[PDB]
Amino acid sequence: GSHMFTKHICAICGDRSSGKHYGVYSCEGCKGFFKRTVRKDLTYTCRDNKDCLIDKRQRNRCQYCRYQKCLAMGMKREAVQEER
C-alpha cells in the first residue's frame, strides 16, 4: 500500500475545497460567489437553458446555474452574516 493525505473537493464545482463554507465543502470561489450574491440579494439570468455544467473551467460562464447549484448542494443563506 501507500499513505493517504485527505483532500476535499468543492461540492459545487469539483475544485479543491478550503473547507466547509455555508454548510457544504467548497472552494474559495464558490464561497465568495455565494457571499456576494446573498449579501446584495443578487438575481441572475441563464443565457442558455438552466442546465449549464458547473465546474472549475465553466463556473464563471453562468452565475444563475452556479447559484442554483450552491442551493441544490445545501449552501445556507442564513449562514451568510451581516457586514463587519
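Heads up, when I say rigid core I mean the largest set of C-alphas that superpose within 1.5 Å between the two forms. Start at 1 with the first residue shown and count on from there.
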Handout entry: Outlying stretch relative to shown form, 50-58 versus 29-37 in 7 other deposited structures of this protein, C-alpha RMS (core)
Key = 50-58
Exercise for the section: Consider 72-80 and 59-67 separately and indicate which one has Cα atoms farther, on average, from the shown form in 7 other deposited structures of this protein after rigid core alignment. Expected result: 72-80
Practice task
Between 44-52 and 31-39, name whichever shows the higher mean Cα B factor according to the PDB entry.
Solution key: 44-52
Completion exercise
The third of the chain into which the C-alpha temperature factor of residue 9 falls is the highest
